[PDB]
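These notes are about the structure you will find just below.
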Amino acid sequence: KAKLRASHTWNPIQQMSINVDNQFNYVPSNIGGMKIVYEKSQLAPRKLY
Amino acid sequence: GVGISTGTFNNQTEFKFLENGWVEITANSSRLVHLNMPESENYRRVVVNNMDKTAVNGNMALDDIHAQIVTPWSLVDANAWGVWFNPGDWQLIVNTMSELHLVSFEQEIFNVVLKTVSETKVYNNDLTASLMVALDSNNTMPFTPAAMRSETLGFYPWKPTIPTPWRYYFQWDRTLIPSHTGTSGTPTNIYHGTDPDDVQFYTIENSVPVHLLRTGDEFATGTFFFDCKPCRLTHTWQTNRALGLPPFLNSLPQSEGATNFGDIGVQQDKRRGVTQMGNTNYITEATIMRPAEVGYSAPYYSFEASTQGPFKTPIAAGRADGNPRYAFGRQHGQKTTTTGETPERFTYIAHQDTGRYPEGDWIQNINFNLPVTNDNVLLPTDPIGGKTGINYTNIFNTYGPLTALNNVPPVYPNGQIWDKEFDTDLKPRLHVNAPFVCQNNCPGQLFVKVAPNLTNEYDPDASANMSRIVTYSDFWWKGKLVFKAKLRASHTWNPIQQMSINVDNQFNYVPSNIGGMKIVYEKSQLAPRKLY
Amino acid sequence: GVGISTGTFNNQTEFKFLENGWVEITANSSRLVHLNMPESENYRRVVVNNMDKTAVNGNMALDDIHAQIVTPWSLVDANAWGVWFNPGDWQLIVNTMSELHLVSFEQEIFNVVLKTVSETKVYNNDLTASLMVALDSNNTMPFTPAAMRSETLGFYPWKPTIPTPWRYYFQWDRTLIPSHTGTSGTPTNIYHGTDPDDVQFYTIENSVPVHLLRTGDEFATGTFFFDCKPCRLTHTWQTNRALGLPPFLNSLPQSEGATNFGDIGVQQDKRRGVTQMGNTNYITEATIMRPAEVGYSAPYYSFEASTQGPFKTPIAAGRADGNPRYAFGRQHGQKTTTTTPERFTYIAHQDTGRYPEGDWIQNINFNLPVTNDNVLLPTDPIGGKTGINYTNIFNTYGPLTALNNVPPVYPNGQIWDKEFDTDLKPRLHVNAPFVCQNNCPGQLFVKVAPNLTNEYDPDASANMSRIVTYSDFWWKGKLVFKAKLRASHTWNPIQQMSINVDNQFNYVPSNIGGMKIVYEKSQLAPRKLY
Amino acid sequence: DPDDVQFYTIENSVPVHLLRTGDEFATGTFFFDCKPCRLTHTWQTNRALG
Amino acid sequence: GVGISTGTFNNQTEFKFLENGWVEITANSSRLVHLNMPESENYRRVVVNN
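Chains as they are written, first to last, in the authors' numbering: chain G, 536 to 584; chain B, 37 to 155, 162 to 361, 372 to 584; chain L, 37 to 155, 162 to 361, 372 to 391, 394 to 584; chain P, 237 to 286; chain A, 37 to 86.
Structure (structure tokens):
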């Protein structure tokens, strides 16, 4: 059970995204080679005080 | 009462969630609008003619001939994405939604301050004169979206704004024969005035009931509920080559790496399939039958002439032709502390991936002898009409019944939201300049003017312009634009492209040390969609 | 009473006002119809082949080669504007109405009388033989509108009329390779024949029930009910240049005068706006983005060939090409007391046209004072032929095109037309303002029955011996329209149609009783596109 | 290009039934809404109209 | 179970005639489908380049 976020601030926040570097980590090779690479979990900033 | 306030400032973009994955996005917005009195109180027909620039041969595209009624009314136009959503809100919208309906739109004006100036300068509040406001609910006046000229309300809530002074096109007739530099004689370049069958001269005064607001009263625009179709925040990557079942690869690779390609194991002329080519045995990925045509070629940089002068043909989707280019000022994205009259510009290179690459076309004979000879193929390098630059793709149209197209994407912050459907008996299928096309009616324009503060001496008999006490207005506008939006789902193993802050774009989204700010353009259709 | 009328003659136009500015217009119309008996009683498969005129090199466009089934029947076709309105009511309609709906329609036949000739010529009545009447209610028969040939019923209420001898096309196959004057030899120009899969021979007797009317009875139609979309009696003037917000001027004119033009203050590369040109910084009225395209270029005077020979490509709009030209006779508006057709070309106010001599395409690089090699003008020979420029082969129809339905043409214009029974249907028909959504009213077919002699036998190869016979009958129809009254949104007046000093003598008859109906514009008032 | 990558897998996208020798799988009745396909052809070129 | 059949082969075409000149064509079809195991159990990404 999870809550959805809200855009509290003017600026955008960091988000996970496929780009030209990590593209082939998420699709199989030409002889069936797959892999799973680590993803960060706590991207968005939060106000502590 | 003068001393009692009449509203509340609001810019909160509320996100109210619903069952079945729908979200009611509620973009409140409000601005301070500064209005001076008109330069002249009279409607004035004006004709522009840059004959000096246009008469030079080869400068045909610089034709700026037009006739217009310069009007003593200012337009308050909130039809632009930057007026409503901030960069964080647009990040949330593009990354998490999938579709985006237009639901409702209303406005109001409150806290009207009216001021007069006397000579050093001394400012005094005027508690007697009033602001004139008019709402064209029936859309009797000509429709004039300010987004195309970059004169909507400013995007920063914390900076005052100004409304654009309204004007609209008269009729005119003009012909301009085209000519290249070094032609043998001056081409026909003349203005024929205006024909009497097409004359129209509208006025705010006789078209719309005008409301008068002193410093102590409000005006509220009622809710207008749209009928618009869903705008889609996902893009299609499939051209014609990637529709249907791929060919079966008999011999797959046996070692890793890019250099180890698979191979189809069957000779070209002994393959099995359907080809729409009735005199050849070759089944190839180019020749194989597909359901229909994704995208279409069009004559790029083609100008056609009509009664009112020459204009460019619009292309629905581009690859550079077709890709729109937006030029705009400090209110609408450029850095507020930059010095100079040069607008900042970008070209919106869309992800929609439907357009054509015109350097890769060719046409060849019906006989289809395979290693084609020079006489039997027309390449994009061959002249047309002896012109080495203008090859055949500049003339070539392939719009047909089998064409499929996507609507134009949103362009944040300068793009349009809604645009009125034409009055023709036959509609255009899409509009190149807005994602939504309001069909039956489309929200009423709000025109504003400072009422004439006449001097103690006045005579209608005089030929000179009426003398008025110098006067300007500051009024607070508020509007609320409601959207319904569907949240996306993860249909694939891989993650999708998502907007993110990074080290490169980090300083566009926070203010500079001297308080400057900018709003950098922003891709809308990020996630891929399955066309088939 | 046999000698007393079975119905009442009527031509009076009835206007009735409904709520909210709606109005109902009942165009009552009645005509006397004269009908001679058929030249032959049999259907004939006639083939036309003007090889003599076509065979000369360069007369490709003069191909009349076709086949048709010449029937013993005749058609009563009231599908034209002049049949239902006189100049006064059309003037009032086009000056006071903004929209026009086609609502309902009915016919009847009354006061039928049948006569025969004896031999000087002595004319006799025959109350025993019958007129043959049939209405194709189910639209089984081919739809053959007579307005295209100008063979509808006469527009004058008081003169007699005659119905068109009815015929329909029969499938043929033909090739005509084009040639120019000076081609090296005779081109291929032959008539193949007809194909077995496409043969279609209809007959009135087998398809529709035929009523055998005699004097003292009538045929009347149940009123047909249209559902067509409204035609609009107001033209739109705005091309793409006059769409959207104009630019603001930093220098308004300081004094009145024709030569005192206003001026934009900003340099063309330094302006603000949106242009659909990724690699060009100049913002101009030609280059600025517009919501869509108004009108479209199409290849003009282009002829395309299929199985049944070459034909001209129709164009939905025009600026001399594109605009329709009519050629009509005495029954349909020619000056009656004159002894060639009379002609006009409808230069309508609809606009949405193109001016081919002003178009050009230039290279994508857009070196702005464009050199010769980087622009293709309408002066350049395509294919080496100096008369054919690029606009002859140029099509700009696309997803962004917006067009207006064709004007009505008074008095010779057709009112309605039959929607094609293809799967994908055209957006408009270029020969009628209304298109029947599912069915049009049935075609009314008439014929005088065989008045045989005592000498008739079937085995004789000669045509059957028939007594000389004709018939005279009165046709009536009632067409109901519905329309919206216009409103004066605009300050200045509109171009209303009115009698002036030049055109005054066209409305009144001559001293010898002649008359004419001149052509009248339809979409007079202007209208917003936006 | 990374913005167009789409890797679909049958395991992650649909429920998968296991059938041993002795059981069935019955897809429910799917109902169409397609337009009528016509088993007749139109000979009339432009020249044959009117 | 193992030895109890779970369906009936059928390839009849049944023409049921309704009123007002309509015919409901019930096209049945049945095939014995042979299936080998996959060549390799991994999803593969293969480029053809001639």
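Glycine included, C-beta positions come from ideal geometry on N, C-alpha and C.
Give a yes or no on whether the minimum CB-CB distance between residue i and chain G is below 8 Å.
| i | result |
| --- | --- |
| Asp405 (chain B) | no |
| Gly196 (chain B) | no |
| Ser76 (chain A) | yes |
| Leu128 (chain B) | yes |
| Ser66 (chain B) | no |
I want to verify the contact list: residues of chain L whose CB lies under 7 Å from the CB of residue i, in sequence order.
| i | result |
| --- | --- |
| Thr281 (chain P) | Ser348, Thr349 and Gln350 |
Three-state secondary structure (DSSP) at residue i?
| i | result |
| --- | --- |
| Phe559 (chain B) | helix |
| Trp109 (chain L) | strand |
| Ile571 (chain L) | coil |
| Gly412 (chain L) | helix |
| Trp126 (chain L) | helix |
| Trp528 (chain B) | strand |
| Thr62 (chain L) | strand |
| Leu291 (chain L) | coil |
| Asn72 (chain B) | strand |
| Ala103 (chain B) | strand |
| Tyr444 (chain L) | helix |
| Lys89 (chain B) | helix |
| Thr132 (chain B) | helix |
| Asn323 (chain L) | coil |
Which residues in chain A have a C-beta closer than 9 Å to the C-beta of residue i? List them in chain order.
| i | result |
| --- | --- |
| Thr245 (chain P) | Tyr79 |
| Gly258 (chain P) | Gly37, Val38, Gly39, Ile40 and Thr42 |
Relative to the C-alpha of residue i, which candidate in the options has its C-alpha closest?
| i | options | result |
| --- | --- | --- |
| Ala300 (chain B) | G:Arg540, G:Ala541, G:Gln558 and G:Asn565 | G:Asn565 |
| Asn557 (chain L) | L:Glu574, L:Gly568 and L:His543 | L:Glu574 |
| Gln310 (chain B) | B:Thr236, B:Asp88 and B:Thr322 | B:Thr322 |
| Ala516 (chain L) | L:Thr281, L:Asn64, L:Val522 and L:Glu77 | L:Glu77 |
| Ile447 (chain L) | L:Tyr338, L:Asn428, L:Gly385 and L:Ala541 | L:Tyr338 |
| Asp88 (chain L) | L:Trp208, L:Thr228 and L:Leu173 | L:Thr228 |
| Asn46 (chain B) | B:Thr62, B:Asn56, B:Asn302 and B:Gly37 | B:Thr62 |
| residue 366 (chain B) | B:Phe267, B:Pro563, B:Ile246 and B:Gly124 | In the structure shown, chain B runs from 361 directly to 372, leaving residue 366 (chain B) without coordinates. |
In chain G, which residues lie less than 7 Å from residue i when you measure between Cβ atoms?
| i | result |
| --- | --- |
| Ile548 (chain B) | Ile553 |
List, in order along the chain, the chain B residues whose C-beta lies closer than 7 Å to that of residue i?
| i | result |
| --- | --- |
| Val562 (chain G) | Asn546 |
Just checking: is the beta-carbon of residue i within a distance shorter than 8 Å of some beta-carbon in chain A?
| i | result |
| --- | --- |
| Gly43 (chain B) | no |
| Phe499 (chain B) | no |
| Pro453 (chain B) | no |
| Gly304 (chain B) | yes |
Any C-beta of chain B sitting closer than 8 Å to the C-beta of residue i?
| i | result |
| --- | --- |
| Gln318 (chain L) | yes |
| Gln468 (chain L) | no |
In chain A, which residues lie with their C-beta within 8 Å of the C-beta of residue i?
| i | result |
| --- | --- |
| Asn565 (chain G) | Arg80, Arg81, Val82 and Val83 |
Flag residue i as yes when its Cβ comes closer than 7 Å to any non-hydrogen atom of the ligand GDP, and as no otherwise.
| i | result |
| --- | --- |
| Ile129 (chain B) | Among the components modelled here there is no ligand, and therefore nothing to report on the ligand GDP. |
Going along chain P, which residues have a C-beta under 8 Å from residue i?
| i | result |
| --- | --- |
| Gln558 (chain G) | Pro238 and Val241 |
Please confirm whether residue i has its beta-carbon closer than 8 Å to some beta-carbon of chain P.
| i | result |
| --- | --- |
| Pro410 (chain L) | no |
| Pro187 (chain L) | yes |
| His222 (chain B) | no |
| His543 (chain B) | yes |
| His234 (chain L) | no |
Cβ of residue i less than 8 Å from any chain D Cβ?
| i | result |
| --- | --- |
| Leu539 (chain G) | Absence of chain D from the displayed structure is noted, the protein chains being G, B, L, P and A. |
What does residue i touch in chain A if you count any residue whose Cβ is under 7 Å from its own?
| i | result |
| --- | --- |
| residue 585 (chain B) | The displayed coordinates of chain B run from 37 to 584. Any statement about residue 585 (chain B) would go beyond what the structure contains. |
Does chain L have any CB closer than 8 Å to the CB of residue i?
| i | result |
| --- | --- |
| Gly264 (chain P) | no |
Kindly list, in the order they appear in chain B, the residues whose Cβ is closer than 8 Å to that of residue i.
| i | result |
| --- | --- |
| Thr329 (chain L) | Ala97 and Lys354 |
So residue i contacts chain L; which residues on that side make the cut at Cβ distance below 9 Å?
| i | result |
| --- | --- |
| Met190 (chain B) | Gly286, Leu287, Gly315, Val316, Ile330, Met331, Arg332 and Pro333 |
**Report entry** Residue ranges of each beta strand (DSSP E) within the segment 447-501 of chain L, 3 or longer
**Finding:** Listed in chain order, the beta strand (DSSP E) elements of length 3 or more contained wholly in the segment 447-501 of chain L are 470-472 and 488-490.
**Report entry** Entirely enclosed beta strand (DSSP E) segments - the segment 188-267 of chain B, minimum 3 residues
**Finding:** Runs found: 206-211, 216-218, 231-233 and 252-255.
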